[PDB]
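Novice: Structure in structure tokens, see below.
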Amino acid sequence: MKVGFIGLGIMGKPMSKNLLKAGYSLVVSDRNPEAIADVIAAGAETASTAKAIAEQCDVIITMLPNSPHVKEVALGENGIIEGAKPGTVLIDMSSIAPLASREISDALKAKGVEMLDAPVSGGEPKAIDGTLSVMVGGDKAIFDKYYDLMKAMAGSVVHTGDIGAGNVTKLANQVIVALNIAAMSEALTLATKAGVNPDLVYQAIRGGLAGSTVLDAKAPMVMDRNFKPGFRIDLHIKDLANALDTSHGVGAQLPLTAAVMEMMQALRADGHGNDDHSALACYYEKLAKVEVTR
Ligand SMILES: [Cl-]
């Protein structure tokens, strides 16, 4: 097993380093040569194209921002499909529209290339420490074959259905993450405006029914004025767009997501698109005229 890994960003880079630590041999690529250099310094090899990675690796992980990027890497000129022999597996760990996962899977299947959609959750801290949750769609046999590989980056790896089900699960995930952040922001801004120190609020509630992974990850960032990604608002906008599109296709009911989407549009318009999604707090701060600080 040489394992391909394409996309060495905020999530991808630490994930690849966990695979190296677990003893896997990697051939890596990214648009940033410095990101490649960092991962080769940890033990990886590299190649000049996705096609060349696919020529050398029986399994390839992608960790990319959106469907256009995955489509270019998987299907485009010098892409995976041009180098992959029948039986090669793509594990796309990107968060992309479920329809796009299915489209890319069908295109790869025509060449005999298999695919799992295995997006993740846990944020940069859990990408680093290897305790991500992974949620996967595709064939059970392929899931079972690469469970250990995926588990080397993760605290949990769960099969959720056929191809695309990983990304459907990730849409549900991203609805929860956005709303949990917004809810934290709404509540902390209320308490601050009403004259109670939000750090004492955080300490007081974190152990009860209001406790969450978002609360412990993001309340400190907000109060310390640290909005460095992390996970950019612009990427969360793409995920909510996908969630809303899916909801409108199947007739689900997404009122709170629809509201938080408009908040994120306001944040993007006010220069916060490249901030961590904890910057949802800044929306509330600006409307309530108070800052949530230590
Ligand atoms: Cl997408």
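Here, A, B, ... name the chains of the structure tokens in the order displayed, residue numbers run from 1 inside each chain, and ligands are numbered from 1 in the same displayed order.
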Could you list, as number ranges by chain, all protein and nucleic acid residues with an atom at most 8 Å from ligand 1, counting only C-alpha atoms and all ligand atoms?
Specialist: A: 65-68, 95-97, 100, 238-239, 242
Novice: Using only C-alpha atoms, which residues sit within 8 Å of residue A:135 once same-chain residues fewer than 5 positions away are excluded, as a PyMOL selection string?
Specialist: chain A and resi 117-120+157-160+166-167+169-170
Novice: What would the file look like if the residues just selected were written as a tab-separated table (two decimals), in the first residue's frame with N, CA and C atoms?
Specialist:
chain	number	residue	atom	x	y	z
A	117	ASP	N	-17.17	8.31	-0.28
A	117	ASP	CA	-17.26	9.68	0.22
A	117	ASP	C	-17.18	9.64	1.73
A	118	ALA	N	-16.05	10.11	2.27
A	118	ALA	CA	-15.72	10.00	3.69
A	118	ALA	C	-15.32	11.35	4.32
A	119	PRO	N	-16.24	12.32	4.30
A	119	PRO	CA	-15.99	13.60	4.96
A	119	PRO	C	-15.86	13.44	6.47
A	120	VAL	N	-15.36	14.48	7.10
A	120	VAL	CA	-14.95	14.41	8.49
A	120	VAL	C	-15.52	15.53	9.31
A	157	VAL	N	-15.00	5.93	12.75
A	157	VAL	CA	-15.27	5.79	11.33
A	157	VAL	C	-16.53	4.97	11.15
A	158	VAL	N	-17.57	5.58	10.60
A	158	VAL	CA	-18.89	4.96	10.53
A	158	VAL	C	-19.44	4.96	9.10
A	159	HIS	N	-19.94	3.82	8.65
A	159	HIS	CA	-20.55	3.66	7.35
A	159	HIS	C	-22.03	4.06	7.44
A	160	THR	N	-22.44	5.02	6.62
A	160	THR	CA	-23.78	5.60	6.73
A	160	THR	C	-24.72	5.27	5.59
A	166	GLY	N	-22.19	9.75	2.95
A	166	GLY	CA	-21.21	10.43	3.77
A	166	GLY	C	-21.46	11.94	3.76
A	167	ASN	N	-21.59	12.49	2.56
A	167	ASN	CA	-21.87	13.90	2.43
A	167	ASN	C	-23.25	14.31	2.90
A	169	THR	N	-24.62	12.99	5.50
A	169	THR	CA	-24.37	12.99	6.93
A	169	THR	C	-23.58	14.24	7.31
A	170	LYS	N	-22.61	14.60	6.48
A	170	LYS	CA	-21.85	15.84	6.69
A	170	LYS	C	-22.72	17.10	6.57
Novice: Given only C-alpha atoms, how would the per-residue table for stretch 109-197 of chain A near stretch 78-86 of chain A read, listing every residue at most 8 Å away with its closest atom pair and distance in Å to one decimal, sorted by chain and number, as JSON lines?
Specialist:
{"residue": "A:111", "atom": "CA", "partner": "A:86", "partner_atom": "CA", "distance": 6.5}
{"residue": "A:112", "atom": "CA", "partner": "A:86", "partner_atom": "CA", "distance": 4.3}
{"residue": "A:113", "atom": "CA", "partner": "A:86", "partner_atom": "CA", "distance": 5.5}
Novice: Print the selection's residues with N, CA, C and O atoms to a file, as a CSV table (one decimal), in the first residue's frame.
Specialist:
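Saved the output as selection.csv:
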chain,number,residue,atom,x,y,z
A,111,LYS,N,-14.4,3.8,-15.6
A,111,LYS,CA,-13.0,3.4,-15.7
A,111,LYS,C,-12.6,2.3,-14.8
A,111,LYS,O,-11.4,1.9,-14.8
A,112,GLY,N,-13.5,1.7,-14.0
A,112,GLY,CA,-13.2,0.7,-13.0
A,112,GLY,C,-12.6,1.2,-11.7
A,112,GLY,O,-12.0,0.4,-10.9
A,113,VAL,N,-12.7,2.5,-11.4
A,113,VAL,CA,-12.2,3.1,-10.2
A,113,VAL,C,-13.3,3.2,-9.2
A,113,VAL,O,-14.4,3.7,-9.5
Novice: Need the shell around stretch 211-225 of chain A: protein/DNA/RNA residues with any atom at most 8 Å away, counting only C-alpha atoms. Skip same-chain ones fewer than 4 positions apart. Format as a list in words?
Specialist: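 Once the nearby chain positions are removed, what remains is residues 177, 180, 181, 184, 199, 202, 205, 206, 207, 278, 279, 281, 292, 293 and 294 of chain A.
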Novice: Let me make sure I understand: among A:103, A:139, A:58, A:129, which one has the smallest atom-to-atom distance to residue A:154 if we use only C-alpha atoms?
Specialist: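 Closest to residue A:154, using only C-alpha atoms: A:129.
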Novice: Identify, on the basis of only C-alpha atoms, every residue whose closest approach to residue A:41 does not exceed 12 Å; exclude the query and any residue fewer than 2 positions from it along the same chain; express the result as number ranges by chain.
Specialist: A: 13, 16-17, 20, 26, 28, 34-39, 43-46
Novice: What does the file look like for those residues with C-alpha atoms, as a PDB file, in the first residue's frame?
Specialist:
ATOM      1  CA  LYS A  13      -1.871  18.376   6.353  1.00  0.00           C
ATOM      2  CA  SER A  16      -1.527  13.090   6.306  1.00  0.00           C
ATOM      3  CA  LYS A  17       0.982  13.405   9.171  1.00  0.00           C
ATOM      4  CA  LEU A  20       2.787   8.777   8.346  1.00  0.00           C
ATOM      5  CA  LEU A  26       2.366   8.365   1.261  1.00  0.00           C
ATOM      6  CA  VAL A  28       1.326  13.586  -1.621  1.00  0.00           C
ATOM      7  CA  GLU A  34       5.513  24.589   0.879  1.00  0.00           C
ATOM      8  CA  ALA A  35       2.704  22.344   2.148  1.00  0.00           C
ATOM      9  CA  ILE A  36       4.204  19.456   0.130  1.00  0.00           C
ATOM     10  CA  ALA A  37       7.674  20.267   1.536  1.00  0.00           C
ATOM     11  CA  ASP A  38       6.386  20.115   5.111  1.00  0.00           C
ATOM     12  CA  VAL A  39       4.777  16.720   4.610  1.00  0.00           C
ATOM     13  CA  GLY A  43       8.368  11.191   5.568  1.00  0.00           C
ATOM     14  CA  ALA A  44       6.127  11.435   2.478  1.00  0.00           C
ATOM     15  CA  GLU A  45       7.056  11.183  -1.148  1.00  0.00           C
ATOM     16  CA  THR A  46       5.497  13.383  -3.844  1.00  0.00           C
TER      17      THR A  46
END
Novice: Of the residues A:140, A:51, A:109, A:228, which is the one nearest to residue A:77, using only C-alpha atoms?
Specialist: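 Counting only C-alpha atoms, the residue closest to residue A:77 is A:51.
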Novice: Neighbours of residue A:146 within 9 Å (only C-alpha atoms; same-chain residues fewer than 5 positions away dropped), as a PyMOL selection string?
Specialist: chain A and resi 59+91+141+151
Novice: Got time to write the residues from that selection, N, CA and C atoms, as a short mmCIF file (atom, residue, chain, number, x, y, z; two decimals), in the first residue's frame?
Specialist:
data_model
loop_
_atom_site.label_atom_id
_atom_site.label_comp_id
_atom_site.auth_asym_id
_atom_site.auth_seq_id
_atom_site.Cartn_x
_atom_site.Cartn_y
_atom_site.Cartn_z
N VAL A 59 -4.72 3.28 -3.58
CA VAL A 59 -5.75 4.07 -2.89
C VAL A 59 -5.26 5.50 -2.77
N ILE A 91 -10.80 7.68 -1.97
CA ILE A 91 -11.49 8.04 -0.74
C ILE A 91 -11.50 9.56 -0.71
N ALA A 141 -17.91 -3.37 1.26
CA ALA A 141 -16.67 -4.13 1.11
C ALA A 141 -15.48 -3.20 1.03
N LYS A 151 -9.28 4.98 9.94
CA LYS A 151 -9.25 5.03 11.41
C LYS A 151 -7.93 5.58 11.95
#
Novice: Return the single residue from A:69, A:31, A:289, A:2 that is closest to residue A:192, with distances computed using only C-alpha atoms.
Specialist: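 The closest residue to residue A:192 is A:289.
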Novice: Using Å and a single decimal, report how far atom CA of residue A:283 sits from atom CA of residue A:270.
Specialist: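 Pair atom CA of residue A:270 / atom CA of residue A:283 returns 9.4 Å.
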Novice: Counting only C-alpha atoms, figure out which residue out of A:275, A:234, A:162, A:124 gets nearest to residue A:142.
Specialist: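 Smallest separation from residue A:142 among the options: A:162.
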Novice: DSSP on the backbone, then: every residue of stretch 48-293 of chain A marked strand (DSSP E), written as a PyMOL selection string.
Specialist: chain A and resi 59-62+89-92+114-117+120-121+132-137+154-161
Novice: So that I have them on file, write out the residues from the current selection with N, CA, C and O atoms, as a compact mmCIF listing (two decimals), in the first residue's frame.
Specialist:
# COMPACT_ATOMS: atom_id res chain seq x y z
N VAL A 59 -4.72 3.28 -3.58
CA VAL A 59 -5.75 4.07 -2.89
C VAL A 59 -5.26 5.50 -2.77
O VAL A 59 -4.07 5.75 -2.51
N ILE A 60 -6.17 6.46 -2.97
CA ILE A 60 -5.83 7.87 -2.96
C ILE A 60 -6.88 8.56 -2.10
O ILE A 60 -8.07 8.34 -2.31
N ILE A 61 -6.42 9.35 -1.15
CA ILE A 61 -7.30 10.26 -0.39
C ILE A 61 -7.24 11.67 -0.99
O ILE A 61 -6.16 12.18 -1.28
N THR A 62 -8.40 12.32 -1.15
CA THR A 62 -8.44 13.75 -1.49
C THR A 62 -9.06 14.49 -0.31
O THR A 62 -9.97 13.99 0.32
N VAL A 89 -8.90 2.82 -5.74
CA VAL A 89 -9.96 3.39 -4.91
C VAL A 89 -9.65 4.85 -4.61
O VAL A 89 -8.54 5.17 -4.20
N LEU A 90 -10.65 5.72 -4.79
CA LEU A 90 -10.60 7.10 -4.31
C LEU A 90 -11.42 7.19 -3.03
O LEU A 90 -12.60 6.81 -3.03
N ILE A 91 -10.80 7.68 -1.97
CA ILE A 91 -11.49 8.04 -0.74
C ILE A 91 -11.50 9.56 -0.71
O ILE A 91 -10.50 10.21 -0.35
N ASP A 92 -12.61 10.14 -1.13
CA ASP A 92 -12.71 11.60 -1.08
C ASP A 92 -13.22 11.99 0.30
O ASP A 92 -14.34 11.63 0.67
N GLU A 114 -13.08 2.71 -7.97
CA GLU A 114 -14.06 2.69 -6.88
C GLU A 114 -13.96 3.98 -6.10
O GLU A 114 -12.95 4.67 -6.18
N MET A 115 -14.98 4.29 -5.30
CA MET A 115 -15.00 5.55 -4.55
C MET A 115 -15.80 5.45 -3.26
O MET A 115 -16.87 4.83 -3.22
N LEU A 116 -15.24 6.03 -2.20
CA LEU A 116 -15.98 6.30 -0.97
C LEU A 116 -16.04 7.82 -0.78
O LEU A 116 -15.06 8.52 -1.06
N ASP A 117 -17.17 8.31 -0.28
CA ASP A 117 -17.26 9.68 0.22
C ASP A 117 -17.18 9.64 1.73
O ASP A 117 -18.09 9.15 2.40
N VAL A 120 -15.36 14.48 7.10
CA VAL A 120 -14.95 14.41 8.49
C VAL A 120 -15.52 15.53 9.31
O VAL A 120 -15.94 16.57 8.77
N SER A 121 -15.48 15.35 10.62
CA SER A 121 -15.78 16.45 11.55
C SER A 121 -14.92 16.40 12.80
O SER A 121 -14.64 15.32 13.35
N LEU A 132 -10.83 12.90 14.88
CA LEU A 132 -11.93 13.20 13.95
C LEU A 132 -12.97 12.09 13.91
O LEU A 132 -12.63 10.91 14.03
N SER A 133 -14.23 12.45 13.70
CA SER A 133 -15.25 11.52 13.26
C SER A 133 -15.29 11.53 11.73
O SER A 133 -15.25 12.60 11.10
N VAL A 134 -15.38 10.35 11.14
CA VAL A 134 -15.45 10.15 9.71
C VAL A 134 -16.78 9.47 9.42
O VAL A 134 -17.18 8.53 10.10
N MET A 135 -17.46 9.96 8.39
CA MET A 135 -18.79 9.50 8.02
C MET A 135 -18.76 9.15 6.54
O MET A 135 -18.44 9.99 5.73
N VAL A 136 -19.11 7.91 6.20
CA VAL A 136 -18.73 7.34 4.91
C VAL A 136 -19.91 6.77 4.13
O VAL A 136 -20.74 6.05 4.69
N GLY A 137 -19.97 7.08 2.84
CA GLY A 137 -20.85 6.38 1.93
C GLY A 137 -20.06 5.57 0.92
O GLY A 137 -18.89 5.88 0.62
N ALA A 154 -8.52 9.12 12.89
CA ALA A 154 -9.85 9.32 13.47
C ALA A 154 -10.06 8.67 14.83
O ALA A 154 -9.42 7.67 15.18
N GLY A 155 -11.02 9.22 15.57
CA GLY A 155 -11.59 8.56 16.74
C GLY A 155 -12.76 7.65 16.41
O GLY A 155 -13.11 6.78 17.21
N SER A 156 -13.38 7.84 15.25
CA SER A 156 -14.57 7.10 14.86
C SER A 156 -14.69 7.09 13.33
O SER A 156 -14.49 8.12 12.71
N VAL A 157 -15.00 5.93 12.75
CA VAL A 157 -15.27 5.79 11.33
C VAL A 157 -16.53 4.97 11.15
O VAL A 157 -16.57 3.79 11.53
N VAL A 158 -17.57 5.58 10.60
CA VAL A 158 -18.89 4.96 10.53
C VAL A 158 -19.44 4.96 9.10
O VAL A 158 -19.44 5.99 8.42
N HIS A 159 -19.94 3.82 8.65
CA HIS A 159 -20.55 3.66 7.35
C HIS A 159 -22.03 4.06 7.44
O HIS A 159 -22.79 3.50 8.24
N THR A 160 -22.44 5.02 6.62
CA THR A 160 -23.78 5.60 6.73
C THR A 160 -24.72 5.27 5.59
O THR A 160 -25.91 5.58 5.67
N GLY A 161 -24.20 4.68 4.51
CA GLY A 161 -25.03 4.31 3.39
C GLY A 161 -24.26 4.19 2.09
O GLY A 161 -23.03 4.06 2.11
Novice: Report, in Å to a single decimal, how far apart atom CA of residue A:259 and atom CA of residue A:231 are.
Specialist: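 Computing the Euclidean distance for atom CA of residue A:231 and atom CA of residue A:259 yields 19.6 Å.
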Novice: Which of these, A:267, A:171, A:64, A:6, has the shortest distance to residue A:241 once you count only C-alpha atoms?
Specialist: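 Distance minimum relative to residue A:241 lands on A:171.
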Novice: Identify all residues of stretch 38-195 of chain A in helix (DSSP H, G or I) (DSSP on the backbone) and supply them as a PyMOL selection string.
Specialist: chain A and resi 38-41+50-56+67-75+80-83+98-109+123-129+140-145+147-151+165-193
Novice: With C-alpha atoms retained, write the just-selected residues as a short mmCIF file (atom, residue, chain, number, x, y, z; two decimals), in the first residue's frame.
Specialist:
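Printed below is again-v2.cif as written:
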data_model
loop_
_atom_site.label_atom_id
_atom_site.label_comp_id
_atom_site.auth_asym_id
_atom_site.auth_seq_id
_atom_site.Cartn_x
_atom_site.Cartn_y
_atom_site.Cartn_z
CA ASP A 38 6.39 20.11 5.11
CA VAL A 39 4.78 16.72 4.61
CA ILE A 40 7.80 15.28 2.75
CA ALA A 41 9.90 16.43 5.72
CA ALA A 50 -2.65 13.56 -9.63
CA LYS A 51 -2.29 11.18 -12.59
CA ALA A 52 1.21 10.20 -11.42
CA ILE A 53 -0.03 9.70 -7.87
CA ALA A 54 -2.74 7.39 -9.21
CA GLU A 55 -0.16 5.46 -11.28
CA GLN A 56 1.74 4.68 -8.07
CA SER A 67 -16.86 19.85 -5.82
CA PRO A 68 -15.14 21.85 -8.62
CA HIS A 69 -11.76 21.17 -7.00
CA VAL A 70 -12.46 17.44 -6.52
CA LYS A 71 -13.76 17.15 -10.10
CA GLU A 72 -10.59 18.79 -11.48
CA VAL A 73 -8.28 16.54 -9.44
CA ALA A 74 -10.26 13.33 -10.02
CA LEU A 75 -11.47 13.78 -13.61
CA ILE A 80 -6.64 10.63 -11.06
CA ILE A 81 -8.76 9.07 -13.79
CA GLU A 82 -5.90 9.37 -16.33
CA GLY A 83 -3.51 7.35 -14.12
CA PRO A 98 -23.94 14.62 -2.36
CA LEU A 99 -25.00 14.87 -6.04
CA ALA A 100 -21.39 15.72 -6.93
CA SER A 101 -20.06 12.68 -5.03
CA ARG A 102 -22.48 10.51 -7.03
CA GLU A 103 -21.50 12.16 -10.34
CA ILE A 104 -17.77 11.76 -9.71
CA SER A 105 -18.33 8.16 -8.54
CA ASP A 106 -20.21 7.32 -11.76
CA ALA A 107 -17.46 8.85 -13.90
CA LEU A 108 -14.77 6.87 -12.04
CA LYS A 109 -16.82 3.63 -12.14
CA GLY A 123 -12.08 20.90 13.51
CA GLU A 124 -8.39 21.62 13.16
CA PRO A 125 -7.65 20.51 16.77
CA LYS A 126 -9.06 17.05 16.14
CA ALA A 127 -7.45 16.75 12.69
CA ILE A 128 -4.16 17.35 14.53
CA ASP A 129 -4.74 14.90 17.40
CA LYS A 140 -19.47 -1.89 2.42
CA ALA A 141 -16.67 -4.13 1.11
CA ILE A 142 -14.60 -1.09 0.19
CA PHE A 143 -15.42 0.58 3.52
CA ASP A 144 -14.28 -2.57 5.35
CA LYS A 145 -11.08 -2.83 3.32
CA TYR A 147 -11.43 1.05 7.65
CA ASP A 148 -7.99 0.82 9.29
CA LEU A 149 -6.51 3.41 6.94
CA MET A 150 -9.34 5.87 7.68
CA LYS A 151 -9.25 5.03 11.41
CA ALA A 165 -24.45 9.26 2.24
CA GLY A 166 -21.21 10.43 3.77
CA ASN A 167 -21.87 13.90 2.43
CA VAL A 168 -25.55 13.80 3.39
CA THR A 169 -24.37 12.99 6.93
CA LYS A 170 -21.85 15.84 6.69
CA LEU A 171 -24.67 18.25 5.67
CA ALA A 172 -26.53 17.30 8.86
CA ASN A 173 -23.22 17.73 10.71
CA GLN A 174 -22.66 21.20 9.29
CA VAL A 175 -26.20 22.28 10.11
CA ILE A 176 -25.52 21.35 13.73
CA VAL A 177 -22.09 22.99 13.86
CA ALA A 178 -23.33 26.29 12.39
CA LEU A 179 -26.36 26.41 14.68
CA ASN A 180 -24.41 25.40 17.82
CA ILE A 181 -21.96 28.23 17.12
CA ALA A 182 -24.78 30.71 16.43
CA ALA A 183 -26.61 29.60 19.58
CA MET A 184 -23.50 30.02 21.73
CA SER A 185 -23.03 33.51 20.24
CA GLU A 186 -26.67 34.51 20.77
CA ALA A 187 -26.59 33.32 24.38
CA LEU A 188 -23.19 34.78 25.37
CA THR A 189 -24.05 38.13 23.77
CA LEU A 190 -27.36 38.18 25.68
CA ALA A 191 -25.64 37.51 29.03
CA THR A 192 -22.89 40.08 28.33
CA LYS A 193 -25.45 42.73 27.34
#
Novice: For the atom pair atom CA of residue A:11 and atom CA of residue A:94, what is the interatomic distance in Å to one decimal place?
Specialist: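 According to the coordinates, atom CA of residue A:11 and atom CA of residue A:94 are separated by 9.8 Å.
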